[PDB]
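Take a look at the structure set out below.
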Amino acid sequence: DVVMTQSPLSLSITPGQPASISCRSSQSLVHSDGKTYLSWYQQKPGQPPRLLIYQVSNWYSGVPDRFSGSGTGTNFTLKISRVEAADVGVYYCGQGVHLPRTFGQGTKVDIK
Amino acid sequence: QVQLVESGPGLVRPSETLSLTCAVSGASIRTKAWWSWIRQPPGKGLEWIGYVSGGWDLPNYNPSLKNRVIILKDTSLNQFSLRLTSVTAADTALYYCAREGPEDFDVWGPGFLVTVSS
Amino acid sequence: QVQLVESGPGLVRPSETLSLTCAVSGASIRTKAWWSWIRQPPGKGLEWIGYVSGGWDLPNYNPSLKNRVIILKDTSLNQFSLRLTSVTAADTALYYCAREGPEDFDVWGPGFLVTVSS
Amino acid sequence: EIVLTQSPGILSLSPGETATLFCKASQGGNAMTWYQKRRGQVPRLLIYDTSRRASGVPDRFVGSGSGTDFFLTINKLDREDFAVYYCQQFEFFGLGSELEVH
Amino acid sequence: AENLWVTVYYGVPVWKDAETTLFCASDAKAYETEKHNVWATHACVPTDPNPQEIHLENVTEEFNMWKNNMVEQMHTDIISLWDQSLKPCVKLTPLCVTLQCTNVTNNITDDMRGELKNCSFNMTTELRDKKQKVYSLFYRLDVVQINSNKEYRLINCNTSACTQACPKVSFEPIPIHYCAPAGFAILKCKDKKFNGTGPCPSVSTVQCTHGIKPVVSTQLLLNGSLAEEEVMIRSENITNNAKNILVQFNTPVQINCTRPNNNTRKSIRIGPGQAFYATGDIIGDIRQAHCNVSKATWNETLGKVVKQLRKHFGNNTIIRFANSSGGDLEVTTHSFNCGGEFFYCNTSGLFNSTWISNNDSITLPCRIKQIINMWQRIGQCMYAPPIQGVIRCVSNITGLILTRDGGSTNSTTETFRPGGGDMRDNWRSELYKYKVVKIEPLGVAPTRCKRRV
Amino acid sequence: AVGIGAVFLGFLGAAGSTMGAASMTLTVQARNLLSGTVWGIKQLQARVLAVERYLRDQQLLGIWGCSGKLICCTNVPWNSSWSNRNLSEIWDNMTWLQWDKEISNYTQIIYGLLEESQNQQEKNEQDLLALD
Amino acid sequence: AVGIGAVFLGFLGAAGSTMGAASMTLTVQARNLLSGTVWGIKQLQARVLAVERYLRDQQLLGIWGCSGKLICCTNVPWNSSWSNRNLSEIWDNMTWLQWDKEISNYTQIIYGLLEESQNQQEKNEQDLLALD
Amino acid sequence: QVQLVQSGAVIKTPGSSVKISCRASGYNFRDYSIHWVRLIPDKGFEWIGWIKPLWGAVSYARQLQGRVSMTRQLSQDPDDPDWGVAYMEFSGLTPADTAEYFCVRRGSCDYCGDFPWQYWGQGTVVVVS
Ligand SMILES: *[C@@H]1O[C@H](CO)[C@@H](O[C@@H]2O[C@H](CO)[C@@H](O[C@@H]3O[C@H](CO[C@H]4O[C@H](CO)[C@@H](O)[C@H](O)[C@@H]4O)[C@@H](O)[C@H](O[C@H]4O[C@H](CO)[C@@H](O)[C@H](O)[C@@H]4O)[C@@H]3O)[C@H](O)[C@H]2NC(C)=O)[C@H](O)[C@H]1NC(C)=O
Ligand SMILES: *[C@@H]1O[C@H](CO)[C@@H](O[C@@H]2O[C@H](CO)[C@@H](O[C@@H]3O[C@H](CO)[C@@H](O)[C@H](O)[C@@H]3O)[C@H](O)[C@H]2NC(C)=O)[C@H](O)[C@H]1NC(C)=O
Ligand SMILES: *[C@@H]1O[C@H](CO)[C@@H](O[C@@H]2O[C@H](CO)[C@@H](O[C@@H]3O[C@H](CO)[C@@H](O)[C@H](O)[C@@H]3O)[C@H](O)[C@H]2NC(C)=O)[C@H](O)[C@H]1NC(C)=O
Ligand SMILES: *[C@@H]1O[C@H](CO)[C@@H](O[C@@H]2O[C@H](CO)[C@@H](O[C@@H]3O[C@H](CO)[C@@H](O)[C@H](O)[C@@H]3O)[C@H](O)[C@H]2NC(C)=O)[C@H](O)[C@H]1NC(C)=O
Ligand SMILES: *[C@@H]1O[C@H](CO)[C@@H](O[C@@H]2O[C@H](CO)[C@@H](O)[C@H](O)[C@H]2NC(C)=O)[C@H](O)[C@H]1NC(C)=O
Ligand SMILES: *[C@@H]1O[C@H](CO)[C@@H](O)[C@H](O)[C@H]1NC(C)=O
Ligand SMILES: *[C@@H]1O[C@H](CO)[C@@H](O)[C@H](O)[C@H]1NC(C)=O
Ligand SMILES: *[C@@H]1O[C@H](CO)[C@@H](O)[C@H](O)[C@H]1NC(C)=O
Ligand SMILES: *[C@@H]1O[C@H](CO)[C@@H](O)[C@H](O)[C@H]1NC(C)=O
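Chains as they are written, first to last, in the authors' numbering: chain 2, 1 to 30, 30A to 30E, 31 to 107; chain 1, 1 to 31, 31A, 32 to 52, 52A, 53 to 82, 82A to 82C, 83 to 113; chain H, 1 to 31, 31A, 32 to 52, 52A, 53 to 82, 82A to 82C, 83 to 113; chain h, 1 to 34, 36 to 91, 96 to 107; chain A, 31 to 141, 150 to 185, 187 to 309, 312 to 321, 321A, 322 to 398, 411 to 505; chain 6, 512 to 547, 569 to 664; chain D, 512 to 547, 569 to 664; chain f, 1 to 129.
This is the structure:
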């Protein structure tokens, strides 16, 4: 199955300063059409997670443009150029191009 | 505008047949979608159980679930049900019904902690 | 009482796709008949190009025509069309649409001289 | 609005010949209507949709043109065809091309 | 390898444009009401709930709402259904009779004429030998002066008989879902910005359409599907003026309409088992029916449609509105059916504005005809039964049907007038999304395999 | 999308993809072709038109080599004038709509060739089972 | 006639010729069997009678050895009392009408023999695939 | 056949009005629009307005508003539903209004629009003096 790894595993954010998560998938997520079936989630406790970025260039409906995403090969990148207090939770990098569907470990983010 | 709500137990004995059922409103079941079950052991990461489709796909699960998972769709009641036969106490997890679409799992269920205890 | 009338060019360049079309009145196309094309180089004898049938026969041509002849019937317009791809100037001939029946080619078309010239 | 212009105006030709009447629009991308009007008679449609002919119209009339520029070609000029010819776009009319016997 | 063979693939996904019949579908909640107090949930299949709106991707189809089918079929189906809901009801042949009419008992000025005329007349009872003298109320628009004394007759009594509507069946619209039969599919253009004609880059197939409630309105089409974000105008040709302009705007404008004249119906026995429903007393004040609208929201939506209409006519263009230029009654006003009674309400208050390139409420008076002749047939008129109580209704104005005047002679201004016209322009405001295609299986294709003997 | 990896979803879902990808999903477009006081006449004529079209397609298949095999290799060759494109390109490059636009002219001769091939195979099999 | 040499024309054209000549032209008589406010009831009952007859014939074939092979050798023998004529004479001497007049009595026992033969072949194939 | 019979020619005083009747016969009158056009000498054609008789919905030209009025009379009997009468009333007559007036109907084909007027009335001469 696909193995997902997020770096760093914890990053207490400084408000006014960016933060970043590098995702590492085990296999190539680029499908033959030219897209990339990769998604980002944000754990809230006891909740369905908040969804930041799917299909890295694409945007969810309900997400402000203060986030960003890029990546090459299997090293993809979620970035928050301006963190807020609403960025609480533990994130996720999850592939969608290979069965079985898998998810990640996550980055711990709290107030510094 | 889709809304998924789980229903079923959260406290069952081990070595039994577990079964939830997620109701779906806000949209139709027979869409370009995989109505899926995804779990999460407490304090740990997610664990994708499997899916079912509103078209005619055969349901495909995670092989780590040991062929004890049968997700059955109910198009006449806009629902889809998880099954888990022969549970253990290590299968205590938050359970989630969700919908894979052209975007990745947009509307989830709230997710309920099934604490398998004897 | 059947009446066949050709239509199309009589002057075309060589190495091109030639096509005529013969209209039929006085009877029906889908009869016990082969709606046929027969040509004649000037001053010379006849040269049977081929036919098509109003039933469901596959059209059978003269093999000397080198598989460049496609006769296509148009039952919704009571017509049937000759084709001749990659013509030469030696293919100058009077062209004739006709009808093979229980008698042999009773009603012809008037026959028009297609003079292939560059 | 749309300003229409009948460019040949008076055209002086002889029977049996061919004729080409040009009309010019002020706004492109539209259809064109060609009308024939003989002297002291009811006008009569010739061309709608810039290439189609009406009932009783002989095919020697050929409408053509695109954009802002349209042609009306009349081959094999009869004596009866010497008339005034108008262009029409949705309500506005050209002032008329008069075909004259030479 | 170059010895290519052919293969037939059955069930190939490919379609063509076609024109077939369709499939009625009504929701089962309207089936819960017994004995069909609205028309035809028995003549219409129950809708399977939440059907398959399966998306389609990387697919470009050309839509054309103006040469579209199924709006003609919707018009034919609604006409045939309106006819099929009258054959049980009572014909009003014996009502064509000499009416002795006077004005209603009211302190009427000589300027403003009484809209309601009281009329007494002979009427046959159940018994053929005995006739009775009975009175009723009618409107000015239903009686004419046949010719001291003043005696009237009904307006329809020298062109056609009239059928009184049954008070069981109500004319309020239940939503109609249209569905394709087997071997056909309905493509819905799900594009946000789409002017009705051309390639729609984001379509989706479906088996059944959305809820299309059949409303009857001439100007200011009611309760329709509003647009997603913008205000979209649609025309078959904007430079043409003979075609109408369907304006669909985003925020629905709340309209309040009422007849405040309280009415008492009165059963008069025409014959054996023949009930006629006349108007009795006016309990209370004699007032005039009116329809409000909110002033600020209407001015805002007119600003929105001016901002959108300046796209097709240049920026520096004056846009003004006018009222209807004339004709029959039910194309000058805007007409509808509130609570099972018909309103014909004046629209001069909504369309007196001009627009330069840089807590109140509008009231507008209506008139109420009791007889109607909608679709303008040759020999049918529907009489409507007067209903009890002060009658009010709230609706969401969704779109307009406008018409440009035939402007020539170098004018900057381009005025717009609301024109009802055909009823099909209502349904073309709700069938622009859908088209019907025929699936054709068994495609054929070359590949490298030969069938062994 | 959702059906990525395990390439399937509902009917007409493969209509946007290439014909090579769409060839693996043909059972449902075959499936959604049959099942689905004066309006009963409309319902009935719709139902009998549906079963008449389905029976015409099954009879067109049944006179060819395959009764219900749904993918049929056969014995007629292919004129390369008709396709005149690279063979493996069309299964990764073309939709079925575009391919049906391509061979719109080259139709109704293929079907007579199929009938001739099937009748020739039938008389050959009759001779083969006759001399044995 | 016109169709001499290449022996074919439209449907029921071979009905005058011998059954050996008519055997090569069977696809079109099979073809012209399905396709073709109160009168709609007559049209509809005609259409459903046509498809009911066609489905009865296809079901009579399908319970025999051949689904849609259109020429079927089978495993039942032939009582020579029924034909009682020279075998190769009837394919150059008799029309199908005259042959159907000949075996009018000897009918409906053949069909039960076909059903017994097909069910026997099915149980033999079930045993053969069972012991393997 | 499609017939558009107008009324006879007329000589009217300046400042008065005029009413021209166009009787149409041979088609279903409640379907096709009726347009009115004029022909002034040395001015070419000038369109006036159209009327749809199904509800009599009219539209007039911009430079003629307030001076013209178009009505119609349908056929209300189930035996002759084809014939109908349009009426154009032109008020406020000037010496420039001396012209020939026409009622016209469009074609009946598919690609036929609304303004390519196929069928024409015989014309009516109106002289102001
Ligand atoms: C849709 O809604 C619009 C908006 O109201 C209606 O438009 C109005 O229509 C009326 C008549 O249809 C217009 O006419 C007005 O009538 C008033 C009453 O008439 C009496 O008084 C006059 C003398 O003025 C007598 O000749 C007559 O016999 C009556 O005794 C007049 O008072 C009005 O005059 C106005 O203008 C003059 C100009 O000098 C002023 O001096 C006056 O004080 C007064 O302001 C006028 O004649 C009325 O104008 C229309 N309203 C507007 C705002 O223009 C439509 O009629 C309605 N649609 C339908 C189908 O009814
Ligand atoms: C309802 O039916 C009654 C019964 O026929 C109608 O009454 C009758 O109407 C006629 C016509 O006006 C009357 O004839 C005239 O009567 C006047 C007054 O008597 C007389 O001066 C004339 O010379 C002429 O005879 C008739 O008398 C009258 N009968 C009665 C009993 O009233 C009535 O008109 C019908 N309509 C209504 C609205 O009542
Ligand atoms: C559209 O709006 C215009 C006004 O902007 C309306 O014009 C008005 O029309 C009415 C009647 O149609 C005229 O009323 C007149 O009243 C006298 C009083 O008796 C009567 O004798 C006349 O015959 C006429 O009815 C009114 O003068 C006129 N307004 C002006 C300024 O001339 C028009 O009617 C509106 N159209 C619709 C369909 O509402
Ligand atoms: C056209 O649109 C406006 C609605 O905004 C209305 O125009 C109004 O017309 C009346 C005519 O009597 C004006 O009343 C009088 O106007 C004079 C000036 O001419 C003024 O000095 C008087 O005090 C009196 O107000 C009224 O002012 C005018 N409204 C405005 C805002 O100027 C009219 O209702 C619309 N037309 C129709 C036919 O509905
Ligand atoms: C139309 O009538 C409705 C009647 O419900 C009005 O809605 C109410 O308006 C009052 C006054 O603002 C509010 O206090 C209520 O809360 C409203 N109720 C509802 C259910 O909306 C509406 O305002 C009227 N609109 C117009 C333009 O007159
Ligand atoms: C979408 O379709 C176009 C045109 O057929 C094609 O060129 C393109 O490769 C397709 N893309 C996908 C992802 O199928
Ligand atoms: C609409 O609102 C604007 C902004 O107040 C105002 O300038 C304009 O005059 C209003 N329109 C009308 C017709 O009152
Ligand atoms: C199909 O035939 C028509 C002539 O009827 C021709 O114009 C067209 O180009 C042909 N199609 C292709 C793809 O060549
Ligand atoms: C068929 O049977 C009948 C008796 O029912 C008999 O008369 C007839 O001769 C038989 N046919 C032949 C050809 O022998």
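Note that beta-carbon positions come from the ideal geometry of N, C-alpha and C, so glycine has one too.
In this structure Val109 (chain H) is in contact with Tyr90 (chain H), their Cβ atoms being roughly 5 Å apart against a cut-off of 8 Å. Within chain 6, the C-beta atoms nearer than 8 Å to that of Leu545 (chain D) come from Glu584, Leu587, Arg588, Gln591, in chain order. Counting C-beta pairs closer than 8 Å gives fewer than three between the segment 450 to 461 of chain A and the segment 78 to 88 of chain h, which falls short of the contact rule. One alpha carbon belongs to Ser187 (chain A), the other to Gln130 (chain A), and they sit about 12 Å apart.
Around the C-beta of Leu629 (chain D), fewer than 16 other C-beta atoms lie within 10 Å, and the residue is accordingly described as exposed. C-alpha of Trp427 (chain A) to C-alpha of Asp113 (chain A): approximately 11 Å in a straight line.
Sequence-distant partners of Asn94 (chain A) (beyond 5 residues in either direction) whose C-beta falls short of 6 Å from its own C-beta, in its chain, are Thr236. Secondary structure note for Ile622 (chain D): its alpha helix (DSSP H) is the uninterrupted segment 619 to 625. Assigned with DSSP and collapsed to three states, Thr337 (chain A) falls in helix. Taking 8 Å as the CB threshold, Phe90 (chain f) stays off the interface with chain h. In the DSSP annotation of this structure, the continuous segment of the alpha helix (DSSP H) that includes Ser612 (chain D) starts and ends at 612 to 615.
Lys103 (chain 2) places its beta carbon 8 Å or farther from that of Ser22 (chain 2). Between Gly101 (chain 2) and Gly44 (chain 1), the gap from beta carbon to beta carbon is short of 8 Å. In the structure shown, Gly527 (chain D) falls within a coil segment according to DSSP collapsed to helix, strand and coil. Beta-bridge partners of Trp45 (chain A) (DSSP): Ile491 (chain A). Taking 7 Å as the cut-off, the C-beta of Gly389 (chain A) counts as close to a heavy atom of ligand 4. The alpha-carbon of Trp34 (chain H) is positioned some 37 Å away from that of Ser108 (chain f).
Under a 10 Å Cβ-count criterion, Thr450 (chain A) is classified as buried, with 16 or more other Cβ atoms of the shown protein chains found around its own Cβ. The beta-carbon separation of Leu122 (chain A) and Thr63 (chain A), rounded to 27 Å, does not stay under the 8 Å limit for a contact. Distances from the CB of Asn283 (chain A) to the heavy atoms of ligand 4 are all 7 Å or more.
Inclusion of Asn637 (chain D) in the 7 Å shell around ligand 9 follows from its C-beta lying nearer than that to a non-hydrogen atom of the ligand. The segment 478 to 498 of chain A and the segment 216 to 228 of chain A touch, with three or more beta-carbon pairs separated by less than 8 Å. Cβ neighbours of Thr162 (chain A) within its own chain (closer than 7 Å, five residues either side excluded): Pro124, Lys169, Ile309, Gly312. About 6 Å separates the Cβ atoms of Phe71 (chain h) and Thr51 (chain h), confirming a contact at the 8 Å cut-off. When C-alpha distances from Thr87 (chain H) are compared across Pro14 (chain H), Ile69 (chain H), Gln1 (chain H), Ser62 (chain H), the shortest belongs to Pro14 (chain H). For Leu602 (chain D), there are no C-beta contacts with chain H under 8 Å, since the nearest C-beta of that chain is about 15 Å from it. Residues of the segment 69 to 84 of chain A with a Cβ closer than 7 Å to any Cβ of chain 1, in chain order: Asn80, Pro81, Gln82, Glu83, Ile84. Of all residues in the segment 263 to 281 of chain A, only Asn276, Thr278, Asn279, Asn280, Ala281 come within less than 9 Å of chain h when Cβ atoms are compared, listed by chain position.
Burial is judged here by how many other beta carbons sit within 10 angstroms of a residue's own beta carbon; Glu98 (chain 1) has at least 16 and is buried. With 16 or more other CB atoms across the displayed protein chains lying within 10 angstroms of its CB, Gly89 (chain 2) is buried.
Under the 8 Å criterion on CB atoms, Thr97 (chain 2) is classed as interfacial with respect to chain 1. Counting C-beta pairs closer than 8 Å gives fewer than three between the segment 21 to 28 of chain f and the segment 386 to 393 of chain A, which falls short of the contact rule. Spatial neighbours of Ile40 (chain f) in its own chain (CB-CB distance under 6 Å, excluding positions within 5 residues in sequence) are listed in chain order as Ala99.
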